[PDB]
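Residue numbers (PDB author numbering), protein chains in the order written: chain Z, 2 to 387; chain L, 2 to 387; chain C, 2 to 387; chain U, 2 to 387.
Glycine included, C-beta positions come from ideal geometry on N, C-alpha and C.
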Ligand SMILES: [Co+2]
Ligand SMILES: [Co+2]
Ligand SMILES: [Co+2]
Ligand SMILES: [Co+2]
Ligand SMILES: [Co+2]
Ligand SMILES: [Co+2]
Ligand SMILES: [Co+2]
Ligand SMILES: [Co+2]
């Protein structure tokens with residue numbers, strides 16, 4: 002069962018299934034894929050759409066006539082399959098010119114180039130129908146303390162994002178930006194290393210409403226953080242504009258395993274949260290089929306991303322709908338967590354002897370939270386052991 | 002040399018030098034210290050002041066007459082020594098009533114109690130002259146996914162901080178709040194786990210100007226993050242209201258080693274940043290003399306916190322003042338990082354062929370950043386090997 | 002379903018369900034349990050037996066008559082319930098005398114005391130029928146580099162274990178030792194930090210056959226290691242004498258969550274390995290019911306340890322027995338991994354042109370490993386989604 | 002000062018200074034270096050020698066005549082400069098044929114090829130004068146649990162190392178092997194992930210005396226382990242055959258920073274240990290000049306490796322020779338740690354009432370260890386602040 006269809010809004014980057022398998026220590030294990038072929042194969046699996054960096058769709062340094070032909074062929078594949086392009090992004094990390102950054106490169110000429118490269122691809126993104134434009138500043142950061150003054154770098158990063166906001170406003174485009182945090186890799190430390198840092202930065206932009214976050218499962222887990230909690234804070238802020246789904250085993254290099262691999266229970270709680278909250282954006286996979294795999298394994302790994310999401314969706318929904326779980330949630334006071342602490346106001350709280358002078362602290366301390374029974378019901382639902 | 006004096010603004014929590022050595026696996030190794038004795042010993046070492054949780058100064062459950070006598074004795078010790086009290090905080094973590102949180106406990110009665118307990122100690126803090134009131138929500142969080150809906154918890158945390166802001170405004174107090182992030186420990190995951198998450202949260206409070214952060218070296222390092230970078234983002238935001246200095250060896254339990262221990266180069270870059278930026282708040286140590294130590298070792302460890310700060314301050318200042326370093330900084334384009342990317346404006350950037358059509362990407366890529374020579378000058382200055 | 006019975010050989014430490022909830026930052030949340038009550042409650046749940054540190058069964062400093070009465074009551078509870086005592090251990094970590102270690106304390110008198118304390122409890126262990134005597138040297142290590150010369154400490158640790166081996170041989174006891182590694186906590190770094198380090202150390206003891214390892218899920222995961230892989234190396238070495246089962250979320254303080262919590266897929270692969278290998282020792286839980294819980298939650302958490310093991314056992318067995326999985330294992334060459342590389346011998350390998358001169362490296366490189374399809378069959382079996 | 006000369010025995014891999022800067026997310030930033038040029042430049046800096054993988058010296062797939070000419074040119078550069086070749090190794094990780102391993106590949110034909118490739122280069126290593134032959138099994142491991150049975154893989158790894166030992170014995174070569182552990186990267190988990198695991202494995206080889214370890218600073222730190230402690234255990238075992246020096250910031254991708262970068266205090270304690278122990282092998286750097294650098298920065302980074310070792314050597318020697326430190330070491334009972342616990346024997350210990358019945362546990366517990374004063378003397382010596 003668990004068959005995806007385009008209604009499920011699953012999307013994939015061209016660079017995911019198209020990854021040829023080069024790693025720090027290894028040459029490619031697979032031939033390059035034509036984007037047309039990836040669009041056709043992903044549609045066959047039941048994907049809704051694809052995403053791209055500029056340089057995945059149009060080789061870097063292409064002439065205008067080559068650019069036009071690459072876009073024409075890609076548009077034909079989209080039209081042949083019904084696939085969409087909900088998101089696009091810029092490659093500001095592969096070319097050696099970006100070795101110290103794009104928007105926060107120490108060289109000013111590089112910063113200006115990075116902005117022009119981005120702007121060119123925003124126009125293309127809009128042409129192809131994208132609603133979201135991601136920015137992963139993977140080269141923004143440092144290996145050493147003197148190399149990068151972070152206050153100056155944040156000034157440059159704000160100028161860049163503000164210019165991009167002025168550009169989209171000037172053109173009357175509806176597209177919005179999603180900043181993707183990552184704590185490290187390829188830089189020793191990356192600027193805006195977590196969802197929190199990116200959310201905080203956005204509040205200092207001139208038009209914050211144009212910007213949200215694009216969190217990635219594995220990135221927050223590279224800092225040992227709880228990905229569902231970070232997603233909850235992004236949702237609380239109204240800033241979950243896009244999301245990248247994959248798997249990661251804790252604090253390592255970025256593994257980009259298929260979704261559901263890595264921390265399975267975190268995957269369960271993530272799906273539970275997205276579905277509970279009614280997140281309506283793409284469920285995008287930013288993953289890499291391991292380099293051990295041939296093309297059959299690439300498509301199996303892609304299919305597994307979607308299958309795992311659908312299994313988890315079923316189990317999370319069954320958990321929340323189970324009367325026994327609903328009673329356990331009330332036994333654990335989840336209902337009381339959702340009630341205001343002091344809707345009666347400050348002065349009433351100050352005058353309330355039940356809140357201090359007559360609060361029986363020992364009686365309250367003795368009341369168990371019943372969280373372990375609740376969590377074992379969650380385990381039983383995930384495992385199909387009810 | 003490197004002798005601290007009160008002008009250096011070094012402060013210590015009562016709970017630091019007063020830690021009796023109990024850990025997850027171990028009983029106390031030292032007798033309790035009277036706060037009067039810690040104030041006298043810290044003053045002898047050249048400290049400027051001390052800080053307290055409510056329950057470090059006044060045992061939990063004290064009568065009004067006991068409270069008054071504890072405060073009277075402490076005030077006498079302050080007056081005898083010239084020590085100040087720049088910061089105070091609430092213990093919302095030790096008593097079993099707070100096992101699921103204070104401000105975000107699932108039990109509403111506990112949330113209301115936590116607020117009353119905090120308010121009582123804000124009044125005391127102001128009496129004692131404190132400018133900053135720290136809040137470390139160490140119990141806010143979860144060990145399991147169903148136990149805590151994070152959006153609801155953030156709603157409760159905002160209500161609590163907003164009520165506290167209304168309280169201080171109503172009283173005409175000048176005190177400001179500093180929220181202390183930590184990623185985990187004692188909860189499996191703590192809410193507001195990093196500086197970024199706390200900065201982002203503050204922007205959603207009703208009176209954000211009343212709130213900043215109190216980052217701790219070891220807390221950000223428990224997420225593998227770069228503490229100087231996070232401090233730079235807090236400074237960029239205008240939110241470094243207080244800071245906690247200590248040492249930590251990476252991703253472990255919170256070690257609370259003396260400042261300078263743990264990541265020494267991060268300590269160097271931190272001091273460089275605080276001094277460069279002209280941070281004018283207390284240099285507060287939140288550390289624990291290891292439980293291996295007797296009282297002589299407690300005071301040696303405290304003295305070492307201050308000594309290490311002063312050594313690092315000298316070395317960072319020598320680095321920045323060295324003409325050879327100044328030339329290396331220009332060779333690495335730190336000066337260009339500090340210049341606006343496009344003060345000429347968006348349309349000029351769009352019309353600038355030097356930024357795209359005529360940008361020689363290969364020439365720019367070939368220019369080395371010279372960061373390793375710069376970093377070895379920094380190493381040589383730190384080690385006194387110039 | 003998934004009901005444990007004593008035949009399943011599930012065991013629990015007295016200190017697990019008996020943990021009162023004290024943590025670095027918190028007082029006890031539960032009253033102390035009488036060991037008699039824990040034996041009765043665990044038997045009711047279907048446990049096979051219990052384990053103890055000396056000081057969990059007999060309070061430290063007890064008189065001979067108090068000792069005798071504590072043991073008499075415990076033996077009655079064992080006899081009333083049919084519970085066994087397969088393992089015992091020494092507390093060489095709680096009392097302040099052990100603040101720098103037991104066997105590797107810098108103070109020689111402490112080292113000698115630690116040995117006498119251990120020997121006294123080996124005699125008790127044997128009286129109670131234990132086959133395995135665990136040693137977790139949680140205080141062996143350092144917070145600073147000068148405090149502990151590790152070569153000298155390893156000399157002292159070998160002398161201690163050798164003396165213990167001489168003691169058991171002298172008495173004609175059948176009991177064997179199991180050394181429990183942990184990388185850190187409560188010491189900044191603990192000696193013998195992983196399964197590998199402990200296995201290597203054992204090979205240098207005078208009677209290595211008397212010693213094996215007692216790995217704990219969460220301990221190896223505190224170093225980011227793969228617990229099933231480490232168990233496989235222990236099994237390969239013939240040294241898995243005992244095992245501690247629990248849950249952990251990666252690189253943090255030691256969480257001691259119930260088994261199945263933390264890394265669920267690692268729990269699956271662990272059970273698969275133990276069952277495949279025919280491990281016949283106790284399935285022992287070294288866990289802590291979270292301090293949020295009352296006693297009902299303690300017993301629910303304990304029951305969940307056993308339930309999760311039994312669910313995982315069923316799913317792992319179904320995976321290995323599924324003809325589709327068996328075919329996927331052959332497609333991924335797991336059968337070839339189990340065949341000798343060169344049973345033909347060195348000279349034949351050297352003369353084999355198919356191994357070098359005529360090896361078609363490109364054809365071999367092109368053959369996919371089919372690991373993603375295999376892993377998604379494993380996921381489907383774990384989740385009950387076949 | 003701190004000028005290295007060949008007497009210092011500093012060595013570098015060709016792949017270190019020759020790294021062109023390709024990373025997971027980035028193309029090369031530097032042109033390829035001819036090994037002849039690296040030998041000349043390293044000699045100019047005061048290096049003693051160089052090391053190589055087969056494929057760094059002779060491009061993969063070279064003809065016999067190309068092989069001979071590459072070796073001839075390299076030998077001329079060695080002879081021109083006086084540089085040595087103390088160590089060599091095999092590249093069993095870059096070519097796609099090794100995507101599942103060399104010695105533990107699931108495909109048997111690949112395992113046999115990996116052995117022939119290694120044997121060919123052992124002969125070359127011996128020709129060039131190498132004493133040590135390193136093996137880093139970077140592809141040995143898995144991303145998923147079903148893909149690799151670790152007991153079977155360890156059987157294959159033992160067969161491979163045993164065959165290599167039979168080969169060197171058959172040829173009468175004096176060369177010995179050094180196994181290099183790493184916990185992860187490029188595989189999700191690597192087999193023999195730490196020094197301990199490798200030491201334990203070696204004890205099960207047929208001729209253990211032929212094998213030791215080649216630990217790398219950053220590899221053990223990728224597991225959060227204490228590198229000096231692991232080196233001490235290797236020295237204790239008599240197995241430190243070679244060492245790789247670099248820098249790493251904790252639990253991340255393998256950074257390969259220059260030695261002294263990353264954890265500076267760990268670098269200090271490492272040098273202290275190597276020098277104290279009289280380690281006489283090469284001080285080999287396995288590092289990567291950051292891709293931000295041009296060739297001038299490559300040579301500056303290489304020079305900094307050696308400079309930092311020499312600074313640390315001076316400071317560690319001054320620490321150990323300082324009478325004040327010597328007295329602090331006795332105050333902390335480091336002398337007592339080095340004395341046998343019970344040279345009087347088991348029966349005397351059992352009969353010694355001072356070890357149990359008459360041991361004043363409270364008096365011993367009250368004696369402070371004085372470790373913080375000792376560690377601040379170590380800090381002061383490292384920083385040149387005495
Ligand atoms: Co990623
Ligand atoms: Co991504
Ligand atoms: Co802390
Ligand atoms: Co703090
Ligand atoms: Co544990
Ligand atoms: Co244990
Ligand atoms: Co490395
Ligand atoms: Co290496």
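To the nearest angstrom, how far is the alpha carbon of residue i from that of residue j?
| i | j | result |
| --- | --- | --- |
| residue 131 of chain U | residue 287 of chain C | 49 Å |
| residue 275 of chain C | residue 312 of chain C | 14 Å |
| residue 11 of chain C | residue 347 of chain Z | 53 Å |
| residue 75 of chain Z | residue 248 of chain U | 45 Å |
| residue 193 of chain U | residue 199 of chain U | 5 Å |
| residue 216 of chain U | residue 98 of chain C | 35 Å |
| residue 44 of chain C | residue 143 of chain U | 40 Å |
| residue 163 of chain L | residue 64 of chain L | 29 Å |
| residue 244 of chain Z | residue 264 of chain C | 23 Å |
| residue 359 of chain Z | residue 269 of chain Z | 42 Å |
List the residues of chain L that residue i touches, going by C-beta distances under 7 Å, in chain order.
| i | result |
| --- | --- |
| residue 111 of chain Z | 365 |
| residue 292 of chain C | 100 |
Please list, in chain order, the chain C residues whose beta carbon lies closer than 7 Å to that of residue i.
| i | result |
| --- | --- |
| residue 151 of chain U | 230, 233, 234 |
| residue 3 of chain Z | 386 |
List, in order along the chain, the chain C residues whose C-beta lies closer than 8 Å to that of residue i?
| i | result |
| --- | --- |
| residue 253 of chain Z | 225 |
| residue 29 of chain L | 97 |
The beta strand (DSSP E) that contains residue i, what's its start and end?
| i | result |
| --- | --- |
| residue 342 of chain Z | Note, residue 342 of chain Z: premise wrong, no beta strand (DSSP E); not H, not E. |
| residue 88 of chain C | 88-90 |
| residue 136 of chain L | 133-136 |
| residue 310 of chain C | Element bounds for residue 310 of chain C: not the beta strand (DSSP E) but the alpha helix (DSSP H), 296-322. |
| residue 230 of chain C | From DSSP, residue 230 of chain C is part of no beta strand (DSSP E) but of the alpha helix (DSSP H) over 228-237. |
Mind checking which residues open and close the alpha helix (DSSP H) that includes residue i?
| i | result |
| --- | --- |
| residue 114 of chain U | 109-128 |
| residue 205 of chain Z | No alpha helix (DSSP H) holds residue 205 of chain Z; DSSP gives it neither H nor E. |
| residue 68 of chain L | 65-82 |
How about residue i: is its C-beta nearer than 7 Å to some C-beta of chain A?
| i | result |
| --- | --- |
| residue 195 of chain C | Given the protein chain composition of this structure (Z, L, C and U), no chain A is represented. |
Find the residues of chain U that neighbour residue i, judging by a C-beta separation of less than 9 Å, and give them in chain order.
| i | result |
| --- | --- |
| residue 167 of chain C | 346, 347 |
Any beta strand (DSSP E) of 3 or more consecutive residues that is wholly inside the stretch 244-270 of chain L:
Complete beta strand (DSSP E) runs here, min 3: none at all.
Every unbroken beta strand (DSSP E) within the stretch 156-189 of chain U, with a cutoff of 3 residues, ordered by chain:
Here the runs fully enclosed are 177-180.
For the 8 Å Cβ check, are there 3 or more pairs between the stretch 116-130 of chain Z and the stretch 306-321 of chain Z?
Taking 8 Å as the limit for Cβ pairs, the verdict is that the stretch 306-321 of chain Z does not touch the stretch 116-130 of chain Z.
Determine, using beta-carbon pairs with one atom in the stretch 233-248 of chain U and one in the stretch 148-155 of chain C, whether at least three such pairs fall under 8 Å.
Between the stretch 233-248 of chain U and the stretch 148-155 of chain C, the count of C-beta pairs closer than 8 Å reaches three or more; the two stretches touch.
Are there three or more Cβ pairs, one per stretch, closer than 8 Å when the stretch 81-91 of chain Z is compared with the stretch 44-59 of chain Z?
Result yes; three or more Cβ-Cβ pairs closer than 8 Å.
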